[PDB]
Amino acid sequence: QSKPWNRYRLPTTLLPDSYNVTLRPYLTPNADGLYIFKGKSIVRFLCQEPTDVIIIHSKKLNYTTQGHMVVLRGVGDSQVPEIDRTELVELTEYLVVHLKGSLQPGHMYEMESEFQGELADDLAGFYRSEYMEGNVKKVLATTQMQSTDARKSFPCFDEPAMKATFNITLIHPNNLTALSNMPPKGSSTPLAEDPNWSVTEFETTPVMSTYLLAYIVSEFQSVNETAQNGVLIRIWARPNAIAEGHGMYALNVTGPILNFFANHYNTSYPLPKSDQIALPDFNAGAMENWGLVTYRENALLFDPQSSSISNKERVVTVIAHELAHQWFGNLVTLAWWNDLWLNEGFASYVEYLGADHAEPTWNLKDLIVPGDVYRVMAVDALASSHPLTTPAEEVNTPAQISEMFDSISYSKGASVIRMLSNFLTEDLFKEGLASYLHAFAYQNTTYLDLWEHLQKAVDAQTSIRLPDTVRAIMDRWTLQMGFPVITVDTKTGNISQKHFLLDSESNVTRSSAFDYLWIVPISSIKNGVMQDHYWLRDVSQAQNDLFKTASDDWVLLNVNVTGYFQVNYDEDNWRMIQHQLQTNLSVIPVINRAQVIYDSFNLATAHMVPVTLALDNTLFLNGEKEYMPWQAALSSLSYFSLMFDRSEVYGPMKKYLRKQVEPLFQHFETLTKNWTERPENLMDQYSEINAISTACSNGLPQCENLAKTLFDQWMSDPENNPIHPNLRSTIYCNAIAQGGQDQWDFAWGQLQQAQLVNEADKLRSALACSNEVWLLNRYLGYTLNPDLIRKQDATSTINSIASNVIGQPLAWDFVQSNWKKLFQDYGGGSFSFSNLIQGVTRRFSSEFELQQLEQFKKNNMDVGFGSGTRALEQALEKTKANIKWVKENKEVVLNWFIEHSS
Ligand SMILES: *[C@@H]1O[C@H](CO)[C@@H](O[C@@H]2O[C@H](CO)[C@@H](O[C@@H]3O[C@H](CO)[C@@H](O)[C@H](O)[C@H]3NC(C)=O)[C@H](O)[C@H]2NC(C)=O)[C@H](O)[C@H]1NC(C)=O
Ligand SMILES: *[C@@H]1O[C@H](CO)[C@@H](O[C@@H]2O[C@H](CO)[C@@H](O[C@@H]3O[C@H](CO)[C@@H](O)[C@H](O)[C@H]3NC(C)=O)[C@H](O)[C@H]2NC(C)=O)[C@H](O)[C@H]1NC(C)=O
Ligand SMILES: *[C@@H]1O[C@H](CO)[C@@H](O[C@@H]2O[C@H](CO)[C@@H](O[C@@H]3O[C@H](CO)[C@@H](O)[C@H](O)[C@H]3NC(C)=O)[C@H](O)[C@H]2NC(C)=O)[C@H](O)[C@H]1NC(C)=O
Ligand SMILES: *[C@@H]1O[C@H](CO)[C@@H](O[C@@H]2O[C@H](CO)[C@@H](O)[C@H](O)[C@H]2NC(C)=O)[C@H](O)[C@H]1NC(C)=O
Ligand SMILES: *[C@@H]1O[C@H](CO)[C@@H](O[C@@H]2O[C@H](CO)[C@@H](O)[C@H](O)[C@H]2NC(C)=O)[C@H](O)[C@H]1NC(C)=O
Ligand SMILES: *[C@@H]1O[C@H](CO)[C@@H](O[C@@H]2O[C@H](CO)[C@@H](O)[C@H](O)[C@H]2NC(C)=O)[C@H](O)[C@H]1NC(C)=O
Ligand SMILES: *[C@@H]1O[C@H](CO)[C@@H](O[C@@H]2O[C@H](CO)[C@@H](O)[C@H](O)[C@H]2NC(C)=O)[C@H](O)[C@H]1NC(C)=O
Ligand SMILES: *[C@@H]1O[C@H](CO)[C@@H](O[C@@H]2O[C@H](CO)[C@@H](O)[C@H](O)[C@H]2NC(C)=O)[C@H](O)[C@H]1NC(C)=O
Ligand SMILES: *[C@@H]1O[C@H](CO)[C@@H](O[C@@H]2O[C@H](CO)[C@@H](O)[C@H](O)[C@H]2NC(C)=O)[C@H](O)[C@H]1NC(C)=O
Ligand SMILES: *[C@@H]1O[C@H](CO)[C@@H](O)[C@H](O)[C@H]1NC(C)=O
Ligand SMILES: *[C@@H]1O[C@H](CO)[C@@H](O)[C@H](O)[C@H]1NC(C)=O
Ligand SMILES: CC[C@H](C)[C@H](N)C(=O)O
Ligand SMILES: [Zn+2]
């Protein structure tokens, strides 16, 4: 055997019943500058199988328990063996209690300990967060257990399936508020040893996982509402934030979201209250702790005076996301981290459903397509991708567990679940989902359990018919990586699938059980009329008259891109879609108008259509009003801009884009009443934002005039910003671009005296838009000055300067030169040499720039690269790729743009 304390997974011989946990953070340093917390815990557990060893998680805890590190008692009239010794095994993060005899099956035991650890500013376990309020540095105590950090706060059986009830007490300064998962039992009472402290006890949690515990000590205040069923809702934030009203939007949407989900899941919200809390600089973004959800401030707070519509969208969807988890994930918990994708994928999908309930005029459900589908297809169309599923026995270490939290798990998980709900129909999906939640409430599952309950719902009805079982179908989408391109020859109705890769020369080495064949749900529209639904079975090719066209007719597959795949056609069918898009675009769903664009640029990249065909798919845009298709274009073209914006190709590119966007600019000019009022709904606001951005950055004089007029206006009356927050990033940037040191120095002043992050970020990025070398160089001169630019903003600012075509050589020169600064900043704080390198080499696309990158790397002797060592190799490979892509494409692209710009 090996010794069980040297294995990463816990024994199954002992299961927890319940914990008492008392934590006391010391928010004042011990004057060698160390912040600590103290804790006491008791865990009651049940012996399942005889064992003479107790193994429990512990991380970075010092034990001050009297005697051994624990005290062990029997519950009721159980005898307990004597402890031999207690030891800490750091590698597997264990406290290990060796006993002189065995525990006995069916008996319960109580294990008591006393302990302390650092209250570090490290965003892990029970930790400190420091922030400014006026003159004073404030410090609060808060938690982040996700994934394996509960054990950093108190000793516990720290695996998601080993659920228990938790009785939490905080000992805290008596003028601070204490929060946890559950409401407080009553009023706080003074600590007898020192009445300057108070004692807050919380009601017993339900049976729950350790990674979902939270407790917070702070000066925060709240806005409150009581839902009609007496569920108390509160948004917590800094006193000044609450006083400004920044908590109101979150409060507004929370009640509707919770209502939606309780109905959606057919399951009552399982707790007496919902707290949500805005934390300054919470780098983890948001965390779904049961009854006490934590957010970074800009994820929860909203200022109507400065915040844009996209800020508003981020808040409502992040809230819907976290709140989804309060049933799916928290009430029913995946047994192990290898199934993380199901949990995060599910929430990443239903976040749109919940938010759509809160904001039902916004069409938010559409945003999953650009937001998750195409986003993850970019990485899932690579040889280096991976399956959704991972065998449980391969996910053991805390590092391995961490690697589960990626794009695939969230965005593809979301995409494939959305696919699943769509082929089942939502009503059927909901039935199976309620069945699953009711059967497994307060317990743990695998994805197989969800498939089973969905199968049950399918089996219980006669109307939806599938080509195989729910499991066999989803096995194709979960056990193998990637996704198919579906190619339709419309002359015959032949239809094929192959594994899609952006690099047509890629060697795939990861094998599939299914030889990279899928079972594929295929919806289709013909001449703008929905056709019967079709399933592509697990074959390379098939035929169906559904996909056979006449010479005037067209067909279009994957309505609303509900299916996780991309579609190619014969050129004839492509041209018919094109003619349709030019003559009456309304016949084709707006999501598909985007699809045509998204897919065809990926297909061109993969050498499956010519690049000119993808470009042809943008021609219809001069009469396109809607957000998504334009966004598809701008997303697909930003690489073209990156490659060509210093070349002869650029002028015709700009001209062409000016041509395309001018009518949209005109359209919004009227709709908005000389730009005085925004469009009403979110999609049209987004379209306006993009139209103005596109117009201005391509040098449409009317947009240039608008941007100079408004920024002139703001400058002559600084306390009244005339520029709507939606339009700010463009109007700032374009105006600093047309302007000199007057405009620059003014925005600089405004950046220094800004109070709000979102607004500081927009000024910082706009300042990089100057066309004066001397301003950009001076500005770079500031980025290393922490008095003028925060370190966490430095590499970002340098990238923004690199982004500017004039700034490219300035940034690149500046990085090379002060690279001698890994040794101040792999020192003082992290930095992200990796993001810096990517941003500043992003453009490189010639042999000459590759020689420079190689010549740069030749400072290998010492210094090195730190967290960008990998990133510098990724730069030399991406340049090689860019060199190749520019030779293959430059001529063809030049002549297209010339020929289509008039
Ligand atoms: C985990 O925490 C629980 C809450 O502290 C403990 O349960 C509490 O035990 C208390 C004392 O042991 C009881 O409070 C009072 O104590 C006096 C002492 O003189 C007793 O007479 C009274 O029974 C009691 N007073 C009242 C008004 O009940 C509580 O009864 C009890 N709290 C409960 C049950 O909610 C657990 O013992 C502790 N677990 C372990 C394993 O130590
Ligand atoms: C958990 O226990 C740890 C092990 O005892 C503590 O870590 C030790 O902290 C010591 C003091 O805080 C450090 O030792 C020396 O401290 C004196 C004065 O404090 C200084 O003169 C010395 O410069 C310093 N020694 C050195 C070699 O730097 C140690 O850094 C450290 N010892 C070890 C073995 O890590 C933790 O502080 C303790 N944590 C909590 C939260 O209680
Ligand atoms: C939380 O929900 C509240 C109620 O749904 C929203 O309150 C609405 O705020 C609107 C924007 O401030 C107000 O609209 C208009 O405000 C201007 C201010 O001068 C007035 O001219 C208009 O008369 C007024 N609108 C109407 C339709 O009369 C609404 O007055 C106000 N609605 C209510 C019921 O009070 C909050 O906006 C919302 N909070 C956030 C941050 O979104
Ligand atoms: C945490 O508190 C709860 C509830 O106050 C305790 O639950 C009690 O458990 C005792 C001992 O098993 C039972 O006799 C009572 O019936 C329980 N009360 C309720 C309302 O469930 C629980 O034991 C505490 N946990 C620990 C570790 O002490
Ligand atoms: C809670 O009590 C503490 C201690 O009296 C207050 O903390 C002091 O606040 C002043 C500013 O008003 C600082 O200059 C001191 O350094 C603070 N002392 C410590 C030990 O940090 C605190 O302001 C009170 N907070 C609330 C919300 O009432
Ligand atoms: C969960 O869904 C079930 C099934 O729709 C709900 O039960 C139905 O509720 C409607 C509401 O008036 C009744 O007309 C039906 O007769 C009920 N059917 C059954 C089988 O009871 C139930 O209300 C939902 N529960 C929750 C907590 O949302
Ligand atoms: C993990 O979840 C399973 C269910 O998926 C739990 O097993 C169930 O336990 C309950 C309560 O004891 C019983 O009603 C069921 O018969 C069990 N179902 C089984 C064994 O398939 C299991 O207890 C959970 N694991 C842990 C460690 O709590
Ligand atoms: C559509 O599919 C059919 C195959 O199902 C193709 O027709 C076959 O082509 C081979 C060529 O050697 C013949 O031997 C078979 O007898 C043909 N089958 C028939 C006529 O039923 C056809 O090429 C495909 N069309 C495409 C891909 O455009
Ligand atoms: C494709 O997506 C569009 C939305 O982009 C869907 O149209 C929505 O349909 C729902 C219910 O049918 C309406 O309540 C919405 O108001 C519609 N929005 C718009 C802007 O039309 C359409 O149903 C989807 N098509 C299919 C076949 O699923
Ligand atoms: C893939 O293998 C073939 C060998 O037949 C080779 O031509 C090609 O260069 C290899 N790799 C890539 C990434 O293209
Ligand atoms: C656009 O197509 C729809 C499809 O029925 C049709 O009703 C409408 O008349 C068309 N619009 C125009 C301007 O012809
Ligand atoms: C700290 C946040 C964690 C990772 C949470 N589960 C999320 O996905 O947002
Ligand atoms: Zn999540």
# chains A, B, ... in the order shown; residues from 1 in each chain; ligands from 1

$ residues_near_ligand --ligand "ligand 4" --cutoff "9 Å" --atoms "only C-alpha atoms and all ligand atoms" --output "list in words"
residues 17, 18, 19, 20, 21, 41, 42, 43, 44, 45, 75, 110, 165, 166, 167, 168, 203, 204 and 205 of chain A

$ residues_around --residues "residue 537 (chain A)" --least-positions-apart "4" --cutoff "8 Å" --atoms "only C-alpha atoms" --output "VMD selection string"
chain A and resid 467 518 to 520

$ residues_around --residues "residue 581 (chain A)" --least-positions-apart "5" --cutoff "9 Å" --atoms "only C-alpha atoms" --output "list in words"
residues 576, 586, 587, 588, 593, 617, 619, 620 and 621 of chain A

$ write_last_selection --atoms "N, CA, C and O atoms" --output "CSV table (one decimal), in the first residue's frame"
chain,number,residue,atom,x,y,z
A,576,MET,N,-26.9,33.1,-53.1
A,576,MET,CA,-28.3,33.3,-52.8
A,576,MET,C,-28.5,33.9,-51.4
A,576,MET,O,-29.4,34.9,-51.3
A,586,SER,N,-34.5,41.1,-43.6
A,586,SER,CA,-35.4,40.8,-42.6
A,586,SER,C,-35.9,39.3,-42.6
A,586,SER,O,-36.4,38.8,-41.7
A,587,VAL,N,-35.7,38.7,-43.8
A,587,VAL,CA,-36.1,37.3,-43.9
A,587,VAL,C,-35.2,36.3,-43.1
A,587,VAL,O,-35.7,35.2,-42.9
A,588,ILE,N,-34.1,36.8,-42.8
A,588,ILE,CA,-33.1,35.9,-42.1
A,588,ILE,C,-32.9,36.3,-40.7
A,588,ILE,O,-32.5,37.5,-40.5
A,593,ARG,N,-27.8,36.2,-39.6
A,593,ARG,CA,-27.0,37.3,-40.3
A,593,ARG,C,-25.6,37.5,-39.8
A,593,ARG,O,-24.7,37.8,-40.5
A,617,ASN,N,-19.5,38.5,-47.6
A,617,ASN,CA,-20.6,38.4,-46.6
A,617,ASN,C,-20.8,39.6,-45.7
A,617,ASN,O,-21.7,39.7,-44.9
A,619,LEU,N,-20.9,42.7,-47.3
A,619,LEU,CA,-21.4,43.7,-48.3
A,619,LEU,C,-22.8,44.2,-47.9
A,619,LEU,O,-23.2,45.3,-48.1
A,620,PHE,N,-23.6,43.3,-47.3
A,620,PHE,CA,-25.0,43.6,-46.9
A,620,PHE,C,-25.1,44.7,-45.8
A,620,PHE,O,-26.2,45.2,-45.6
A,621,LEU,N,-24.0,44.9,-45.1
A,621,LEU,CA,-24.0,45.7,-43.8
A,621,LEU,C,-24.4,47.2,-44.0
A,621,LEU,O,-24.8,47.8,-43.0

$ residues_near_ligand --ligand "ligand 7" --cutoff "7 Å" --atoms "only C-alpha atoms and all ligand atoms" --output "list in words"
residues 15, 161, 162, 163, 335, 440, 443, 444 and 445 of chain A

$ write_last_selection --atoms "N, CA and C atoms" --output "PDB file, in the first residue's frame"
ATOM      1  N   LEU A  15     -17.070  10.332   7.697  1.00  0.00           N
ATOM      2  CA  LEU A  15     -17.872  11.369   7.049  1.00  0.00           C
ATOM      3  C   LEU A  15     -18.327  12.420   8.090  1.00  0.00           C
ATOM      4  N   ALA A 161     -18.366  16.720  -1.912  1.00  0.00           N
ATOM      5  CA  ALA A 161     -19.433  15.782  -1.622  1.00  0.00           C
ATOM      6  C   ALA A 161     -19.634  15.520  -0.103  1.00  0.00           C
ATOM      7  N   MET A 162     -18.634  15.897   0.689  1.00  0.00           N
ATOM      8  CA  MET A 162     -18.685  15.647   2.162  1.00  0.00           C
ATOM      9  C   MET A 162     -19.304  16.840   2.882  1.00  0.00           C
ATOM     10  N   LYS A 163     -20.589  16.923   2.683  1.00  0.00           N
ATOM     11  CA  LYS A 163     -21.413  18.017   3.070  1.00  0.00           C
ATOM     12  C   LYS A 163     -21.734  17.825   4.584  1.00  0.00           C
ATOM     13  N   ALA A 335     -20.159  15.983  -7.442  1.00  0.00           N
ATOM     14  CA  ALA A 335     -19.363  15.205  -6.536  1.00  0.00           C
ATOM     15  C   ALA A 335     -17.889  15.491  -6.569  1.00  0.00           C
ATOM     16  N   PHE A 440     -31.945  15.010  -5.784  1.00  0.00           N
ATOM     17  CA  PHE A 440     -30.579  15.107  -5.256  1.00  0.00           C
ATOM     18  C   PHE A 440     -30.331  16.310  -4.283  1.00  0.00           C
ATOM     19  N   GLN A 443     -27.417  16.847  -1.689  1.00  0.00           N
ATOM     20  CA  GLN A 443     -26.496  15.735  -1.942  1.00  0.00           C
ATOM     21  C   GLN A 443     -25.564  16.090  -3.125  1.00  0.00           C
ATOM     22  N   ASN A 444     -24.986  15.066  -3.762  1.00  0.00           N
ATOM     23  CA  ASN A 444     -23.966  15.271  -4.765  1.00  0.00           C
ATOM     24  C   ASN A 444     -24.308  14.379  -5.991  1.00  0.00           C
ATOM     25  N   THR A 445     -23.816  14.784  -7.147  1.00  0.00           N
ATOM     26  CA  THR A 445     -24.112  14.136  -8.416  1.00  0.00           C
ATOM     27  C   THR A 445     -22.904  14.053  -9.373  1.00  0.00           C
TER      28      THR A 445
END

$ residues_near_ligand --ligand "ligand 12" --cutoff "9 Å" --atoms "only C-alpha atoms and all ligand atoms" --output "compact mmCIF listing (two decimals) with C-alpha atoms, in the first residue's frame"
# COMPACT_ATOMS: atom_id res chain seq x y z
CA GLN A 144 -12.74 32.83 -0.64
CA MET A 145 -12.86 29.02 -0.12
CA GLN A 146 -13.25 28.17 -3.87
CA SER A 147 -11.91 25.56 -4.49
CA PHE A 282 -11.97 41.16 -5.64
CA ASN A 283 -9.82 39.65 -8.42
CA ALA A 284 -11.83 36.45 -8.50
CA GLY A 285 -14.75 38.49 -9.97
CA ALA A 286 -17.71 36.75 -8.23
CA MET A 287 -18.27 33.78 -5.93
CA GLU A 288 -21.51 31.94 -5.33
CA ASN A 289 -21.19 31.35 -1.55
CA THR A 294 -19.26 38.08 -3.17
CA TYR A 295 -18.56 40.33 -6.18
CA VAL A 318 -23.21 38.33 -13.26
CA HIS A 321 -25.05 33.78 -12.88
CA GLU A 322 -24.25 33.67 -9.17
CA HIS A 325 -25.83 28.54 -8.51
CA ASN A 343 -21.85 23.47 -12.83
CA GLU A 344 -20.21 26.50 -14.43
CA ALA A 347 -24.80 28.86 -14.75
CA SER A 348 -23.04 30.43 -17.74
CA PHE A 405 -11.73 26.65 -14.43
CA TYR A 410 -17.66 27.74 -18.79
